[PDB]
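Below is one structure; the comments refer to it alone.
There are 2 protein chains.
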Amino acid sequence: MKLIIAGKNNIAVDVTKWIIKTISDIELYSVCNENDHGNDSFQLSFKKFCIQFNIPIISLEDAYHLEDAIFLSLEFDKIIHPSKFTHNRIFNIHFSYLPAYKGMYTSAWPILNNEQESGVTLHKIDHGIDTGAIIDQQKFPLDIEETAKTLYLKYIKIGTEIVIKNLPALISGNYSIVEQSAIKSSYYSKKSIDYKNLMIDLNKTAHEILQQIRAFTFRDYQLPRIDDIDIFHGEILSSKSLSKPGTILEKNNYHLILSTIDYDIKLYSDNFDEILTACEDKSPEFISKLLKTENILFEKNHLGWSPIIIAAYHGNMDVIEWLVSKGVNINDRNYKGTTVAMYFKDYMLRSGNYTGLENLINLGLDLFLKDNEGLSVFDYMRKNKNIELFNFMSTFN
Amino acid sequence: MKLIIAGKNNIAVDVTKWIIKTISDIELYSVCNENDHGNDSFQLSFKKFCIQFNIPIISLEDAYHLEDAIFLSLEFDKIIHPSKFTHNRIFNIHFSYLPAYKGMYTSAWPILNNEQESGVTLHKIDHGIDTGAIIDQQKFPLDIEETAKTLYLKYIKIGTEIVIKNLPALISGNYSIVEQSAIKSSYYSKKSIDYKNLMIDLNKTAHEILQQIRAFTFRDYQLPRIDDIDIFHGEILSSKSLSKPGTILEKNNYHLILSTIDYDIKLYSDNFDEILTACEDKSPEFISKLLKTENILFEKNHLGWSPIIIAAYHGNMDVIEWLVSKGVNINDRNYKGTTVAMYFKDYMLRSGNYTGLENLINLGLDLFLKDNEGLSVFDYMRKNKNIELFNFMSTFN
Ligand SMILES: Cc1cn([C@H]2C[C@H](O)[C@@H](COP(=O)(O)OP(=O)(O)O[C@H]3O[C@H](C)[C@H](O)[C@H](N)[C@H]3O)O2)c(=O)[nH]c1=O
Ligand SMILES: Cc1cn([C@H]2C[C@H](O)[C@@H](COP(=O)(O)OP(=O)(O)O[C@H]3O[C@H](C)[C@H](O)[C@H](N)[C@H]3O)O2)c(=O)[nH]c1=O
Ligand SMILES: Cc1cn([C@H]2C[C@H](O)[C@@H](COP(=O)(O)OP(=O)(O)O[C@H]3O[C@H](C)[C@H](O)[C@H](N)[C@H]3O)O2)c(=O)[nH]c1=O
Ligand SMILES: Cc1cn([C@H]2C[C@H](O)[C@@H](COP(=O)(O)OP(=O)(O)O[C@H]3O[C@H](C)[C@H](O)[C@H](N)[C@H]3O)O2)c(=O)[nH]c1=O
Ligand SMILES: Nc1nc(=O)c2c([nH]1)NC[C@@H](CNc1ccc(C(=O)N[C@@H](CCC(=O)O)C(=O)O)cc1)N2C=O
Ligand SMILES: Nc1nc(=O)c2c([nH]1)NC[C@@H](CNc1ccc(C(=O)N[C@@H](CCC(=O)O)C(=O)O)cc1)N2C=O
Ligand SMILES: [Cl-]
Ligand SMILES: [Cl-]
Ligand SMILES: [K+]
Ligand SMILES: [K+]
Ligand code: NA
Ligand code: NA
Ligand code: NA
Ligand code: NA
Ligand code: NA
Ligand code: NA
Numbered sequence: 001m002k003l004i005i006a007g008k009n010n011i012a013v014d015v016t017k018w019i020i021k022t023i024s025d026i027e028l029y030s031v032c033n034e035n036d037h038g039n040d041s042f043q044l045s046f047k048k049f050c051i052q053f054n055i056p057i058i059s060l061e062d063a064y065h066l067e068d069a070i071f072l073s074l075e076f077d078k079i080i081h082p083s084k085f086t087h088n089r090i091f092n093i094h095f096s097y098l099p100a101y102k103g104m105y106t107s108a109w110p111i112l113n114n115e116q117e118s119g120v121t122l123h124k125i126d127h128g129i130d131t132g133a134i135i136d137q138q139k140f141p142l143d144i145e146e147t148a149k150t151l152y153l154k155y156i157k158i159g160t161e162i163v164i165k166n167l168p169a170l171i172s173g174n175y176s177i178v179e180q181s182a183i184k185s186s187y188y189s190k191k192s193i194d195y196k197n198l199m200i201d202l203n204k205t206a207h208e209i210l211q212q213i214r215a216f217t218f219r220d221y222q223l224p225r226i227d228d229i230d231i232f233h234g235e236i237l238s239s240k241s242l243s244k245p246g247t248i249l250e251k252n253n254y255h256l257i258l259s260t261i262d263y264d265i266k267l268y269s270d271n272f273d274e275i276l277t278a279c280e281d282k283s284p285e286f287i288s289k290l291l292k293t294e295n296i297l298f299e300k301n302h303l304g305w306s307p308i309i310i311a312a313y314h315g316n317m318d319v320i321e322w323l324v325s326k327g328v329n330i331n332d333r334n335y336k337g338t339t340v341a342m343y344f345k346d347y348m349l350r351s352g353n354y355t356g357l358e359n360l361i362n363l364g365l366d367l368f369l370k371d372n373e374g375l376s377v378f379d380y381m382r383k384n385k386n387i388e389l390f391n392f393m394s395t396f397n
Numbered sequence: 001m002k003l004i005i006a007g008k009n010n011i012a013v014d015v016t017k018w019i020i021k022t023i024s025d026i027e028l029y030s031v032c033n034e035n036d037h038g039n040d041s042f043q044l045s046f047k048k049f050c051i052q053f054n055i056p057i058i059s060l061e062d063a064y065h066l067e068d069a070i071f072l073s074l075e076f077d078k079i080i081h082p083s084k085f086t087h088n089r090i091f092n093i094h095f096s097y098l099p100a101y102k103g104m105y106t107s108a109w110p111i112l113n114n115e116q117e118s119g120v121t122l123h124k125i126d127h128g129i130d131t132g133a134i135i136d137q138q139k140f141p142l143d144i145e146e147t148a149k150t151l152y153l154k155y156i157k158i159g160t161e162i163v164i165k166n167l168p169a170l171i172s173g174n175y176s177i178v179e180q181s182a183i184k185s186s187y188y189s190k191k192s193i194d195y196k197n198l199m200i201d202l203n204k205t206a207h208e209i210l211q212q213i214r215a216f217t218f219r220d221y222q223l224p225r226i227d228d229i230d231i232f233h234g235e236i237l238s239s240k241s242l243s244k245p246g247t248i249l250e251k252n253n254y255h256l257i258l259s260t261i262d263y264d265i266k267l268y269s270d271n272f273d274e275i276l277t278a279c280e281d282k283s284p285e286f287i288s289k290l291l292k293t294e295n296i297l298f299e300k301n302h303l304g305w306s307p308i309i310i311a312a313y314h315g316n317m318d319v320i321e322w323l324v325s326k327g328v329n330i331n332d333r334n335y336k337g338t339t340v341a342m343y344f345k346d347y348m349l350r351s352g353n354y355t356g357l358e359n360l361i362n363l364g365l366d367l368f369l370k371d372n373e374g375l376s377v378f379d380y381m382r383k384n385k386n387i388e389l390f391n392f393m394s395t396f397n
């Protein structure tokens, strides 16, 4: 068989990796999205990956003429018409529990509409928008403080899994379909949200305002901004101003308080930059007071730097352990795949203090992971001839 | 006690009637809505009613200065501020299951949002929009072909009941409250729907388009109009045009067929006028073919004339019985309260054929009802000196 993987991001990358590890005899090809210019971001560039792993990249046009192929769209950006192929072995992963939420912005809309869950759906491509028969789908609940970013990461992940579970069946042809019901079918278009002129409607209830805030929270693209302040989460108060919804009751460095249709809301200014800086050398105590929401402890900057990555690079041992106690991953990575252990090794090197490593190993620090270049911490130390640190790190299980 | 009834429509009228029948010693006052100019429509004018029943009509301003009073808002149109009263005995009926759907157009929005149910809520007035503590509420399911009109009539009815059930408790002061949750609180404003420039979004799924159609179906105000055709219901087909959503696939006297995001839809032109005319003298068979949806058999024109009222006035006996077999009320009334029996008596008079009456009585025709003027069929025949018909009608139980 030939297998054509058209799309982008960690879903296209991780499915392709699994195929490589698991299916030989398959002849792989890649079609990439138009805005994929080779740059890794909060997601990997699938184009860069394919070039490095020698997966031939072809045009959508070339894809039409391949016979004895399977075509699989993973967040692909161009319309695929099944009449342009000799076969009907054409599949898509859609980021919703179809028939609901066909179309665009499916990381926002379920939140805006205050859904209790969402899902991912594997289905056949037909001529229209997310309309072809369903092969498989899985659902999952939305968290109370779900954001568009957290939702999107759940899609990437569940999408990847649902594809890998179904791949053998698509390749063999031994899978079932069910036509999508008309009932409960919904669709949003490109025009349904203007991200370049985002307005929060403040003539709304506290809950509705917060749902809009959280729907529009996706740091790599934007934070919601109100009265010139970037907002990162908030809360519903018990007070109820008599003033008109939208009235600013309080504005300072820390927060905005607004009158709504029902209960006043408190909206936290974003202090993520201040948090990262604090993680360099302040105590867990200092950080717990600086933060307004514990969600900020799992945020990452444009490089993929999280609080734990800062604490590790600066050898701030108390903050590392505290963050872990709040459910932060001790083996967190930046966007190049560089791990906590890699950062903490740098601190060991620069400082000459090796005494903290044991603690971290005990907390589950993994020395054997590899970055996106396929190198471990050991490959780095060998390469840079840091042999005494290599050997000290090598004693640990 | 004094009891001030502020509002409009059959809810304000029927609550006031119950008070009159059931509570003496209460001193009643009325405050009316600004657009209530004394005219009965698909709802009674509360102003006309109060004038005829000698309920003194006062200004909202006068209402503030009444001591030892209770104030009850039933679809009232001006904002009520509890700080303007000596007491806090101030209640409202809202047409939703609060905390959801505060604000406007609550006969549309639950339909647009494809809710499975709605309700009515009795609560205290506080300073804001539909935000005060809840005294009582009842919920009910939305029908699959619910329209804004059918929904609205359910509100009028359930509202009326919930008020009558609770009145003694409000008068005594022996009732409980519960503060409205923030969670699941929603609000729509005046601006959320422009009824003077209504657009149906056709770049949507079949189901979404039909939900918008039905949400905007309220004959006294408007029918949805697409491509210059008034629409009265429709259906989802099994075909799926490849053409773009909104493409008109077929247009004739009977219907529009449109391409959507998923399944084609068939939208019925309104033929209500043609149906009423048919009921004058055509068969049940003829009418069953003329209609495109059985919903059209329960529609009424600006006078309150329904199909059964036409068949009765014209003595079309087969159509009367058939309509009854489809669940039409044999004691239907127009908007002046004039009943089927009143219309059928006219036919008896004009034609001299008395032979059908027995059948109708057997089907449950009620000769003892009174119109809005408080007259029965017998009061009319006495008045007009139609004594042989009076006496023939009088033999029936
Ligand atoms: C463009 C943009 C997106 N978002 C959020 C909401 C989106 O659901 C999420 C993903 O962005 P996105 O550009 O991938 O667009 P989406 O609209 O999510 O996905 C569509 O486009 C993809 C290329 C696929 O064809 C997919 N099948 C489509 O549904 O990020 C922002 O918060 N701000 C933004 O400015
Ligand atoms: C996290 C952090 C990093 N840095 C430095 C370290 C890097 O030299 C530079 C870019 O960071 P980065 O996350 O993009 O680094 P990467 O290129 O992913 O990883 C390199 O740097 C690590 C420290 C390890 O040595 C690893 N073996 C290297 O491949 O910024 C800071 O100065 N302050 C910081 O707080
Ligand atoms: C004005 C209008 C209303 N409608 C429908 C939807 C509405 O829910 C329903 C009732 O009309 P409406 O003018 O009573 O306005 P609503 O918006 O339903 O009710 C508000 O105004 C009332 C006076 C009360 O203050 C009530 N508490 C408010 O919620 O009729 C139309 O279909 N076309 C229309 O043009
Ligand atoms: C239903 C119907 C009524 N009419 C006439 C009868 C009335 O004279 C006029 C207005 O109708 P309407 O529903 O407003 O009448 P109403 O004023 O409600 O009722 C009067 O007319 C009835 C027939 C009874 O005599 C009753 N006792 C009267 O009070 O239209 C028709 O010509 N064709 C019809 O199909
Ligand atoms: N047949 C098919 N259906 C899909 O839903 C789909 C594919 N193919 N392929 C990948 C991706 C592409 N999705 C899209 C969706 C809409 C437009 C589009 O042109 N959208 C405009 C209308 C026209 C315009 O932009 O000029 C819009 O308003 O949304 C382009 C690509 N997609 C599934 O993910
Ligand atoms: N305190 C109180 N709350 C209510 O929700 C309420 C009452 N009173 N009294 C009766 C009725 C009146 N409702 C309303 C609601 C809004 C406006 C209003 O002015 N609305 C505009 C904003 C201002 C404007 O029109 O200039 C809007 O955008 O909706 C007037 C009367 N109503 C419950 O039924
Ligand atoms: Cl090194
Ligand atoms: Cl008479
Ligand atoms: K307020
Ligand atoms: K279509
Ligand atoms: Na299947
Ligand atoms: Na947009
Ligand atoms: Na060295
Ligand atoms: Na109560
Ligand atoms: Na409006
Ligand atoms: Na006479």
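So the protein lines, in turn, are chains A and B.
Residue numbering for the first sequence follows UniProt numbering, beginning at 1 and increasing consecutively.
Residue numbering for the second sequence follows UniProt numbering, beginning at 1 and increasing consecutively.
Idealized CB from N, CA, C, for every residue including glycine.
Pull up the distance between the alpha-carbon of residue i and that of residue j, whole angstroms please.
i	j	result
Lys336 (chain B)	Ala311 (chain B)	18 Å
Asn88 (chain B)	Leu202 (chain A)	29 Å
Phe286 (chain A)	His123 (chain A)	50 Å
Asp270 (chain A)	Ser306 (chain A)	15 Å
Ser394 (chain B)	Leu363 (chain B)	17 Å
residue 428 (chain A)	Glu208 (chain B)	Since the first residue shown for chain A is 1 and the last is 397, residue 428 (chain A) is missing from the structure and cannot be characterised.
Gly103 (chain A)	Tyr254 (chain A)	37 Å
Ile80 (chain A)	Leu60 (chain A)	9 Å
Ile135 (chain A)	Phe95 (chain A)	14 Å
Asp68 (chain A)	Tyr101 (chain A)	32 Å
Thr277 (chain A)	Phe76 (chain A)	38 Å
Taking 8 Å as the line, does the beta carbon of residue i fall inside it for any heavy atom of ligand 11?
i	result
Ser176 (chain A)	yes
Quick one: does the C-beta of residue i sit closer than 8 Å to a heavy atom of ligand 5?
i	result
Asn253 (chain B)	no
Would you check whether ligand 2 has a heavy atom nearer than 8 Å to the C-beta of residue i?
i	result
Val163 (chain A)	no
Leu375 (chain A)	yes
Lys336 (chain A)	yes
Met342 (chain A)	yes
Can you list, in chain order, the residues of its chain whose CB lies under 7 Å from that of residue i, leaving out five sequence neighbours each side?
i	result
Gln211 (chain A)	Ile111, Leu112 and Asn114
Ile171 (chain A)	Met1 and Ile70
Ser181 (chain A)	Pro99
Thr338 (chain A)	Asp371
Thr106 (chain B)	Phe95 and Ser96
Does ligand 12 have a heavy atom nearer than 8 Å to the CB of residue i?
i	result
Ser192 (chain A)	yes
Kindly examine ligand 14 and report whether one of its heavy atoms sits closer than 8 Å to the Cβ of residue i.
i	result
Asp136 (chain B)	yes
Sorted by chain position, which residues of the same chain lie with C-beta nearer than 8 Å to residue i's C-beta, five sequence neighbours on each side aside?
i	result
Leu349 (chain B)	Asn386 and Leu389
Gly173 (chain B)	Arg89
Comparing the CB of residue i with every heavy atom of ligand 3, is any distance shorter than 8 Å?
i	result
residue 401 (chain B)	Absent from the model: residue 401 (chain B). The displayed extent of chain B is 1 to 397, so no value can be given.
Residue i: beta carbon under 8 Å from a heavy atom of ligand 13?
i	result
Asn386 (chain A)	yes
Which same chain residues, not among the five before or five after residue i, have their C-beta less than 6 Å away from its C-beta?
i	result
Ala341 (chain B)	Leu365, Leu367 and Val377
Problem set entry | Three or more C-beta pairs below 8 Å linking the region 102 to 117 of chain B and the region 141 to 149 of chain B | yes
Problem set entry | 3 or more residues per run - each beta strand (DSSP E) lying fully within the region 250 to 304 of chain B | 255 to 258 and 265 to 269
Problem set entry | Any beta strand (DSSP E) of 3 or more consecutive residues that is wholly inside the UniProt domain "Formyl transferase N-terminal" (87 to 164) of chain B | 90 to 94, 117 to 124 and 134 to 141
Problem set entry | Stretch pair the region 2 to 22 of chain B + the region 375 to 392 of chain A: three plus CB contacts closer than 8 Å | no
Exercise. Which full runs of the alpha helix (DSSP H) of 4+ residues lie inside the region 46 to 82 of chain A, going along the chain?
Worked result: 46 to 52 and 60 to 64
For this session: Report yes or no: do the region 283 to 297 of chain B and the region 311 to 322 of chain B share at least 3 C-beta pairs separated by less than 8 Å?
Result: yes
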